[PDB]
Amino acid sequence: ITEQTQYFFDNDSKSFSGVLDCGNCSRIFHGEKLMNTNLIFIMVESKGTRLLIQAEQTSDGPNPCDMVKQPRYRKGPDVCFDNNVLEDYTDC
Amino acid sequence: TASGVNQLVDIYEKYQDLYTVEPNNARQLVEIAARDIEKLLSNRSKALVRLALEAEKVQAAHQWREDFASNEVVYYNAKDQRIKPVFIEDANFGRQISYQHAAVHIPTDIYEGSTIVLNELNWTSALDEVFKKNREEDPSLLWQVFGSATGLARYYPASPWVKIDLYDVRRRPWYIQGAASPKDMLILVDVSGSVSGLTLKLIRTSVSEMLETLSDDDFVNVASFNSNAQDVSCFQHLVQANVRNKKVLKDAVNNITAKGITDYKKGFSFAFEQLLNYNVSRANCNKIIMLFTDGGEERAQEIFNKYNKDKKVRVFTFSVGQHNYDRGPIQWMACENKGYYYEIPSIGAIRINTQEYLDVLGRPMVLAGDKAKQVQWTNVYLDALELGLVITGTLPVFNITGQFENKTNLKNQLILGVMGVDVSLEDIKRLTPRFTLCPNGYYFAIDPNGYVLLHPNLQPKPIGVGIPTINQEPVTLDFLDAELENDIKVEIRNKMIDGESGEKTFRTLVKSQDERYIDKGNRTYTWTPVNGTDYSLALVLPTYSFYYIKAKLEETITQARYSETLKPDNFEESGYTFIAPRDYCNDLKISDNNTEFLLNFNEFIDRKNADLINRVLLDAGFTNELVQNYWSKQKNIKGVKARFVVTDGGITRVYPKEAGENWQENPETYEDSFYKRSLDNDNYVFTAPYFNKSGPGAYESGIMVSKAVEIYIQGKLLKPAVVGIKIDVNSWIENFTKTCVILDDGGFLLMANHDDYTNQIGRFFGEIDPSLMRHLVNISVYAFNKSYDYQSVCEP
Amino acid sequence: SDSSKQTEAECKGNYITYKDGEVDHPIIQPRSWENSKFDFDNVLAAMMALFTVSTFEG
Ligand SMILES: *[C@@H]1O[C@H](CO)[C@@H](O)[C@H](O)[C@H]1NC(C)=O
Ligand SMILES: *[C@@H]1O[C@H](CO)[C@@H](O)[C@H](O)[C@H]1NC(C)=O
Ligand SMILES: *[C@@H]1O[C@H](CO)[C@@H](O)[C@H](O)[C@H]1NC(C)=O
Ligand SMILES: *[C@@H]1O[C@H](CO)[C@@H](O)[C@H](O)[C@H]1NC(C)=O
Ligand SMILES: *[C@@H]1O[C@H](CO)[C@@H](O)[C@H](O)[C@H]1NC(C)=O
Ligand SMILES: *[C@@H]1O[C@H](CO)[C@@H](O)[C@H](O)[C@H]1NC(C)=O
Ligand SMILES: *[C@@H]1O[C@H](CO)[C@@H](O)[C@H](O)[C@H]1NC(C)=O
Ligand SMILES: *[C@@H]1O[C@H](CO)[C@@H](O)[C@H](O)[C@H]1NC(C)=O
């Protein structure tokens, strides 16, 4: 069960700016979406931790011991053939 | 300017003739296809019913010979007195067929020539004349099969059986479904002191060999007792026995250990309590308590009096292992309650025993004479003769011997076998023609359990469960796990399971075909039940896919010049042309090699389906008029590395005819990730080539750029083609530097001013400078969705 | 050979052994309805098989 991730823009806002606090330092970025185009242009203060990954990486599925608490909807069949009187119970 | 997006819109608009923009009714489209699928699953119901009655009317008159030294039974044993057959290579089945007799498969340890079997090869030799009648009535009828309850399967189109043959019909999903109704199993493993040793290895093996006889519509739990009854797993109630729920139970049974005294009273008072738990949505009949143990003294009569007084629960008991404890009380428990008693002395005796209780559960089915012969379609699974993805319809055959003499005090309450008829999904994907839709639109269908039959994201490979380990289940993808979940597609699913017919238009995220981008879009989910079965054929259309260009063309001259347009020799002056391989009467699909098919296509149109071949020519001319008028004039624009166009209809053209060698996108237009991606946006899209692939690129290929081709032909919006160019990075590097990272959604680097970043082009921005992105994500830009792909492979 | 077939007429053909008791790793072996090494069918075979007992060997 590989677990894919994908990214996309939340806001339609074009102008971005902020401050980084990675460690014992800071950085300033600005970001502007190239309008009428799927693109984002950002620059941050020149370089001076843990990796993010986007490729699908192996993982166990969703916690199966938890999805059963609140399961998905389901409609079983309705023939349900059992409990007939005229049955020979002389086998064992 | 380079691509010619508005240099083509005129071409499509200029030829107002040669068009008829017709609408997809999206309600007469589902119903006309959900009535074709219902007709298919009804023809396979006549082939079944006509087969059950012939194998019930011949069993009645068999006379039970017991002497086959003479009058030897003649048959084609599948693994090779016998028949030497003649085999014709049939491309339909993908293997060798004979069509003149029915093969037989005796499992690898049922003696081929015992008396109980040699009769089975006799009265089932009268099926060969109704196997042949069924397909001769209607071809494309893949596998008739009679799954006799003595190991034998007599599947009609006789092929050699497909390394030890552990195949045994009495376990295949299409058998345990016909042979019994939904269960509520509850295994009571006896992990007490006395099972320590080998008896525990057989209990852990035999339990996991019984959870494999459970469908997706019958529940199960695995208790255990050693003077205190608990659950081996973490479930605490019945859990449906899915492909996944079983894995929790199997992996919790295997990690069990023997300890402490044995207490049958406190361990049966826990089993009968978990079968009364009526707020879990159980399958509300065939309650069972399959006790696994070695042997004891206490027949807990006061437990079977408090609970199970009126005999609703069946206590099957297994006395597993080699030992000398009293198997007396155990025999009483299975006899007093409406059960049966099985003995499992050692491995090998595990497979043949755990599948036997279906002969007991099927007793109240035989007595319900013909209210119980109902066709029943198994959830999608992988065929056991390398056919692909199939679904089988099951129908039990009962034993009518002495009937109408009213004898019926006999073994006349067991079934001969379940007999099935396979429908392949590649035969259901032909009743839902996809080509009058946009590449985004598609049909799909779901079980009443939610699992998708017929979904485009349903890869023909076994479903996955759990991370693998260092060292016969069906393909059951739930509808909410083949598509991105949201609180609106839950309403759609819950309204398709109930069988209601409606419609719902909403804006939803759609994952890109190459699992890298997510697109917001508008989708209209129409659905309608497939009367007469339990399915819900739905159809999802982009809001702009409500019209399609059906070409009218009968002049034979205009298509004549279209015909040589895409000849391989005219490629220098008319682009390197591809055609999507599509369904024609006799034209042969590629051998993974497009250029062979393009050569093939020309003869079949040179010699003389109608619409698909009529539409591809119109695109070829319409595309060619572009690649001759505009693309040829302004040849070799500076930043361009290649100029390409794709249409619904197959034609894909690239000008340089050298970049065509570097055209990675597959020739099928309806599967191109960018073509779906760009069809959904209303601007240009940049598809970053992957980073560090096996193949080369990203310098000699450039980076793709695409834009849809929107048309208002008669006030109606269409997007019937996608033109685009492959921008070389080097030319665009300078114009960038002449002015830092440029970036697209999905966080894929296209360029960076620093030229170590730009060396690893296309890598995920966040495997480069993760500290920025995690902060950059958290400013409400670059959202992320995290879905699961249950059908994929891993190395460990 | 198959510990679950208790007669001549039921003990014919192949069956599935498992090496070292591993549940996986099947091996297909034939079924042989073989007498013991030292049987008591005759008085002579009985005397031979009582000799080997009185030797304390086997
Ligand atoms: C289903 O049955 C109804 C009658 O109840 C019929 O009018 C309708 O056309 C059918 N729909 C399909 C999809 O077959
Ligand atoms: C169903 O069977 C009828 C019987 O003649 C046949 O005419 C029809 O073509 C069949 N349709 C399919 C989809 O098998
Ligand atoms: C059963 O076998 C006998 C002789 O072996 C033969 O008379 C009869 O035709 C066989 N039954 C069928 C259905 O062929
Ligand atoms: C196996 O069961 C023991 C029982 O205490 C538990 O401690 C252990 O974590 C379990 N291991 C696995 C892999 O389930
Ligand atoms: C289900 O039944 C159990 C046992 O009686 C009870 O403990 C629990 O509260 C019930 N839950 C619901 C949702 O009714
Ligand atoms: C069906 O029952 C009859 C006795 O009524 C028996 O002779 C026959 O062998 C049974 N069916 C099969 C397939 O064994
Ligand atoms: C490219 O992929 C190979 C795969 O084995 C890996 O060894 C190598 O380190 C990768 N190089 C880069 C620059 O990612
Ligand atoms: C995808 O992410 C968005 C933005 O965070 C969130 O609103 C939405 O619920 C997510 N959808 C899925 C299917 O996870």
Some residue of segment B:777-785 being in contact with a helix residue (DSSP H, G or I) (Cβ under 8 Å, 6 or more places away or on another chain) and under 30 Å from residue B:382 (Cα atoms): no
Checking residue B:733 against (1) crowded, with 18+ Cβ neighbours inside 10 Å; (2) among the aliphatic types (A, V, I, L, M); (3) over 30 Å from residue B:459 (Cβ atoms); (4) more than 7 Å from chain A (Cβ to nearest Cβ), the condition it does not meet: (1)
Every residue from segment B:775-790 that is surrounded by fewer than 19 Cβ atoms within 10 Å (Cβ to Cβ) and part of a loop (DSSP other than H, G, I, E, B): B:778, B:779, B:780
Per-region count, segment B:362-376, residues buried (at least 22 other Cβ atoms within 10 Å of the Cβ) and either of a type in the set (A, V, I, L, M, F, W, C) or under 26 Å from residue B:167 (Cβ atoms) (or both): 2
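Which residues, counting only those in segment C:26-58, are of a type in the set (S, T, N, Q) and touching a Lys or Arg at 6+ places or on another chain (Cβ under 8 Å)?
First pass over segment C:26-58, keeping only residues of a type in the set (S, T, N, Q): C:29, C:32, C:35-36, C:42, C:52, C:54-55.
Of everything in segment C:26-58, nothing turns out to be of a type in the set (S, T, N, Q) and touching a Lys or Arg at 6+ places or on another chain (Cβ under 8 Å).
Suppose we keep only residues that are part of a loop (DSSP other than H, G, I, E, B) and crowded, with 18+ Cβ neighbours inside 10 Å within segment B:385-400. Which one would you say is nearest to ligand 2 (Cβ to nearest atom)?
Initial filter on segment B:385-400 (part of a loop (DSSP other than H, G, I, E, B)): B:385-388, B:399-400.
Of the ones still in play, those that are also crowded, with 18+ Cβ neighbours inside 10 Å are B:385, B:387, B:399.
Working: B:385: 21, B:387: 18, B:399: 30 Å.
Residue satisfying both the conditions and the ranking: B:387.
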Single unsatisfied condition, residue B:38 versus (1) under 30 Å from residue B:160 (Cβ atoms); (2) out of contact with any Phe, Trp or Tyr (no Cβ under 8 Å at 6 or more places or on another chain): (1)
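If I go through segment A:35-87 residue by residue, how many of them are touching a helix residue (DSSP H, G or I) at 6+ places or on another chain (Cβ under 8 Å), surrounded by 13 or more Cβ atoms within 10 Å (Cβ to Cβ), of a type outside the set (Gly, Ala, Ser) and over 27 Å from residue B:677 (Cβ atoms)?
Filtering segment A:35-87 for residues touching a helix residue (DSSP H, G or I) at 6+ places or on another chain (Cβ under 8 Å) gives A:42, A:44, A:49-52, A:61, A:64-65, A:68, A:72-75, A:81-84, A:87.
Within this subset, residues satisfying the condition of being surrounded by 13 or more Cβ atoms within 10 Å (Cβ to Cβ) are A:42, A:44, A:52, A:61, A:64-65, A:68, A:72-75, A:81-84, A:87.
The next check asks that each one be of a type outside the set (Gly, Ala, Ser); those that pass are A:42, A:44, A:52, A:64-65, A:68, A:72-75, A:81-84, A:87.
Going one step further and asking which of them are over 27 Å from residue B:677 (Cβ atoms), we end up with A:44, A:64-65, A:68, A:72-75, A:81-84, A:87.
Number satisfying all stated conditions: 13.
Any residue in segment B:405-414 that is touching a strand residue (DSSP E or B) at 6+ places or on another chain (Cβ under 9 Å), surrounded by fewer than 22 Cβ atoms within 10 Å (Cβ to Cβ) and away from chain A (no Cβ under 14 Å)?
Residues of segment B:405-414 touching a strand residue (DSSP E or B) at 6+ places or on another chain (Cβ under 9 Å): B:412-414.
Applying the additional criterion that residues be surrounded by fewer than 22 Cβ atoms within 10 Å (Cβ to Cβ) yields B:412, B:414.
Still in the running and away from chain A (no Cβ under 14 Å): none.
For segment B:405-414, residues touching a strand residue (DSSP E or B) at 6+ places or on another chain (Cβ under 9 Å), surrounded by fewer than 22 Cβ atoms within 10 Å (Cβ to Cβ) and away from chain A (no Cβ under 14 Å): absent.
Would you be able to tell me the number of residues in segment B:666-695 that are more than 24 Å from residue A:33 (Cβ to Cβ) and under 25 Å from the mean Cα position of the chain (by Cα)? Let's see the steps before the verdict.
Within segment B:666-695, the subset more than 24 Å from residue A:33 (Cβ to Cβ) is B:666-672, B:692-695.
Those left that are additionally under 25 Å from the mean Cα position of the chain (by Cα): B:666-672.
The total comes to 7.
Test of understanding: among B:93, B:131, which residue is in contact with a strand residue (DSSP E or B) (Cβ under 8 Å, 6 or more places away or on another chain), away from ligand 4 (no atom under 16 Å from the Cβ), farther than 20 Å from residue B:396 by Cα and more than 14 Å from chain C (Cβ to nearest Cβ)? It would help to see each step written out before you state the result.
Numbers: B:131 fails: farther than 20 Å from residue B:396 by Cα.
Just one listed residue meets the conditions, B:93.
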In segment B:591-623, the residues that are under 23 Å from residue B:551 (Cα atoms) and polar (S, T, N, Q): B:600, B:602, B:609, B:614, B:623
Scope segment B:456-494; condition within 30 Å of residue C:25 (Cα to Cα) and either small (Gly, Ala, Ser) or within 16 Å of ligand 7 (Cβ to nearest atom) (or both); matching residues: B:464, B:466
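Considering segment B:112-149 alone, what residues qualify as being closer than 14 Å to residue B:101 by Cα, assigned to a helix (DSSP H, G or I) and among the hydrophobic types (A, V, I, L, M, F, W, C)? Full working, then the answer.
Step one: of segment B:112-149, the residues closer than 14 Å to residue B:101 by Cα are B:121-122, B:124-136, B:143-146.
Filter once more, keeping what is assigned to a helix (DSSP H, G or I): B:121-122, B:128-136.
Hits for segment B:112-149 are B:121, B:130, B:131.
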Cβ pairs under 6 Å, 6+ apart, first in segment B:742-768 and more than 10 Å from every other protein chain (Cβ to nearest Cβ), second basic (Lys, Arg): B:749/B:763
Exclusive hit being crowded, with 18+ Cβ neighbours inside 10 Å and within 16 Å of ligand 6 (Cβ to nearest atom), set B:41, B:8, B:29, B:51: B:51
Segment B:1-39, residues that are over 24 Å from residue B:502 (Cβ atoms) and either in contact with a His (Cβ under 7 Å, 6 or more places away or on another chain) or part of a helix (DSSP H, G or I) (or both): B:5, B:6, B:7, B:8, B:9, B:10, B:11, B:12, B:13, B:14
Residue check, residue B:61 more than 16 Å from ligand 1 (Cβ to nearest atom), surrounded by 13 or more Cβ atoms within 10 Å (Cβ to Cβ) and more than 14 Å from chain C (Cβ to nearest Cβ): no
Residues (of a type in the set (A, V, I, L, M) and either exposed (fewer than 15 other Cβ atoms within 10 Å of the Cβ) or out of contact with any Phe, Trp or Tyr (no Cβ under 7 Å at 6 or more places or on another chain) (or both)) located in segment A:21-34: A:28
Flag for residue B:482 being more than 12 Å from chain A (Cβ to nearest Cβ) and surrounded by 22 or more Cβ atoms within 10 Å (Cβ to Cβ): no
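Considering segment B:296-340 alone, what residues qualify as being among the small types (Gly, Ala, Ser) and on the phi > 0 side of the Ramachandran plot?
Keep residues of segment B:296-340 that are among the small types (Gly, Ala, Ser), which gives B:296, B:300, B:319, B:321, B:328, B:334, B:339.
Correct list: B:321 only.
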Within segment A:11-92, strands (runs of 3 or more DSSP E) holding 2 or more residues that are at the interface with chain B (Cβ under 8 Å from one of its Cβ atoms) and under 15 Å from residue B:770 (Cα atoms): A:27-33, A:40-44
Pick from segment B:222-238, criterion part of a loop (DSSP other than H, G, I, E, B) and in contact with a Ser or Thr (Cβ under 8 Å, 6 or more places away or on another chain), ranking: farthest from residue B:461 (Cα to Cα): B:227
Index of the failed condition, residue B:67 passing every other in (1) charged (D, E, K, R); (2) more than 31 Å from the chain's Cα centre (by Cα); (3) surrounded by 14 or more Cβ atoms within 10 Å (Cβ to Cβ): (3)
Meets criteria (among the acidic types (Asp, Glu), more than 30 Å from residue B:448 (Cβ to Cβ) and surrounded by 14 or more Cβ atoms within 10 Å (Cβ to Cβ)) for residue A:3: no
Candidate set: segment B:65-82, residues that are away from every other protein chain (no Cβ under 14 Å) and within 16 Å of ligand 6 (Cβ to nearest atom); chosen: the one nearest to residue B:106 (Cα to Cα): B:73
Segment B:330-352, subset more than 7 Å from every other protein chain (Cβ to nearest Cβ) and out of contact with any helix residue (DSSP H, G or I) (no Cβ under 8 Å at 6 or more places or on another chain), residue nearest to residue A:86 (Cα to Cα): B:332
Any hit, segment B:446-461, residues being within 14 Å of another protein chain (Cβ to nearest Cβ), more than 22 Å from residue B:535 (Cβ to Cβ) and assigned to a loop (DSSP other than H, G, I, E, B): yes
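A short reminder: the numbers here are calculations on the coordinates, not readings from a lab. Backbone-built Cβ (ideal geometry, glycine too); neighbour counts: all protein chains shown.
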